[PDB]
Amino acid sequence: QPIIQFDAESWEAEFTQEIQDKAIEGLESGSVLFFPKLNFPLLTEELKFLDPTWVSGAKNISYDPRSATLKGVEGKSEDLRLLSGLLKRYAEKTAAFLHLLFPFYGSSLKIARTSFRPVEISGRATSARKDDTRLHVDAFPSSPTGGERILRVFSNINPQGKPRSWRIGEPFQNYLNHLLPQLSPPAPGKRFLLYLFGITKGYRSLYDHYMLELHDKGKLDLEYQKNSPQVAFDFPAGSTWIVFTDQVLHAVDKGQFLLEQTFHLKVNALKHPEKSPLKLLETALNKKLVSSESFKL
Ligand SMILES: [Cl-]
Ligand SMILES: [Cl-]
Ligand SMILES: [Co+2]
């Protein structure tokens, strides 16, 4: 069940335990949780931001709720205040929603960056490794996770009713198996140099190295991109969805105007840690893939 539909229509929805169970089981099994009726409304004063010309550089519009800092956009202080306010509201509403839906995770949910994406997807064109029309799990060369989960909340806020078109691929374990013969260890000392030179934020663990290989090699495997099991789904305007993007194979084909919120979660906070990419990779390679891993006696 690649997509599990939910009826919640409010950011302050209280959930029954049955729905909470359905959500955590689905999320950890690598399903997308879909909320067709959960819209994120904009203030009148924010409507001007539904315009791609606000993106100023190569990086997209982002906000760090921990530090209250806005990046990737230039303009008048009052306009940056309004834009920061929009993104902050998204961070607050998504964080509250996740705490209402996933009490099992308790305080282990750690918010990361909020993003606003006003550029139309279908007009994009970049390197194959960065081409997100190719199925992938998320792995960022400059930002290793140390094994922690990448959990993302998405809202389509297109004001013309346009959907956001995704494809959702096969389960992570099948993707890993498919690419296994192509995986290789890192060159000795290279990850240490990436750290020393500031190319990576922190040290790229072996896990991060392998997730990156999956990401990159999977995107270059043209036969796999064309023929692997995948379902195309249009997320309607006014909907929200939640996904572990490091586990769910996905691609983005078209759409415009999206809010996105990233959270991190340690593997030991999961209900079923054995389903995580870290544990699946450690089992497949029979080794510890993060050196800072906690030790269980
Ligand atoms: Cl429901
Ligand atoms: Cl190294
Ligand atoms: Co992605």
Side-chain angles (χ1 to χ4, degrees), residues 1 3-10 13-27 30-38 60 97 100-102 112-113 115 117 121 126-146 149-154 164-169 172 175 184-197 199-200 202-212 214-216 218-219 225 230 233 235 239-253 255 258 260-262 277 289-292:
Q1 197 168 42
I3 302 165
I4 301 173
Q5 189 172 313
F6 293 77
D7 283 328
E9 174 268 354
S10 175
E14 255 148 292
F15 290 95
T16 61
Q17 273 193 338
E18 180 179 34
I19 298 299
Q20 291 174 331
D21 186 64
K22 174 175 206 85
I24 196 165
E25 289 298 324
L27 189 77
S31 293
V32 174
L33 311 187
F34 174 49
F35 301 82
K37 315 165 151 173
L38 184 58
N60 56 64
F97 191 73
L100 291 165
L101 184 55
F102 299 105
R113 288 191 302 172
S115 192
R117 310 282 183 100
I121 290 291
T126 182
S127 65
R129 61 147 73 146
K130 302 188 141 21
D131 177 3
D132 276 8
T133 72
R134 305 186 185 209
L135 292 164
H136 63 282
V137 298
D138 284 357
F140 303 103
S142 72
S143 300
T145 68
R149 305 307 307 277
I150 303 172
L151 174 60
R152 289 176 144 176
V153 183
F154 298 87
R164 195 150 189 105
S165 297
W166 276 33
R167 279 168 292 116
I168 298 164
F172 181 87
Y175 169 70
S184 56
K190 158 199 283 209
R191 294 167 300 131
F192 189 54
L193 293 185
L194 299 179
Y195 163 74
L196 287 183
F197 293 167
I199 298 160
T200 57
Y203 182 70
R204 179 182 294 168
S205 66
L206 287 175
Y207 167 77
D208 291 295
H209 163 80
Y210 289 114
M211 288 297 280
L212 289 164
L214 291 169
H215 168 110
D216 293 352
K219 287 192 171 189
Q225 290 293 329
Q230 50 196 287
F233 185 67
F235 291 103
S239 72
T240 292
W241 62 106
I242 311 176
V243 194
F244 273 132
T245 59
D246 57 0
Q247 181 183 349
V248 178
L249 277 66
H250 61 281
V252 195
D253 291 324
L258 175 82
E260 180 172 356
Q261 181 64 63
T262 299
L289 300 169
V290 178
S291 67
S292 50

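We count ligands from 1, going down the list as the structure has it; atoms in each ligand are counted the same way. Hydrogens, waters and symmetry mates play no part in the numbers below; they use all other heavy atoms, side chains included. Nothing fancy with the numbering, it's 1 onward along the sequence.
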Does either side chain, that of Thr245 or that of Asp138, offer a donor lying less than 3.5 Å from an acceptor on the other one?
yes
Verify the distance test for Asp132 against the Co ion (ligand 3): any N/O/S atom under 2.8 Å, yes or no.
no
With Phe15 via side-chain contact (heavy atoms from CB on, under 4.5 Å) - residues at least two apart:
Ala8, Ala13, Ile19, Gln20, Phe97, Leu100, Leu101
Just one of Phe233, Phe154, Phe34 clears the ring pair (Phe, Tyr, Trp, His ring centres under 6.0 Å) bar with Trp241, so which one?
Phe154
Ring pair (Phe, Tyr, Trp, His ring centres under 6.0 Å) filter on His250, not counting sequence neighbours, yields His136, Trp166
With the Co ion (ligand 3) at the center, what angle do NE2 from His250 and NE2 from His136 span, rounded to 10 degrees?
90°
The atom name of the N, O or S atom in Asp138 nearest to the Co ion (ligand 3) is OD1
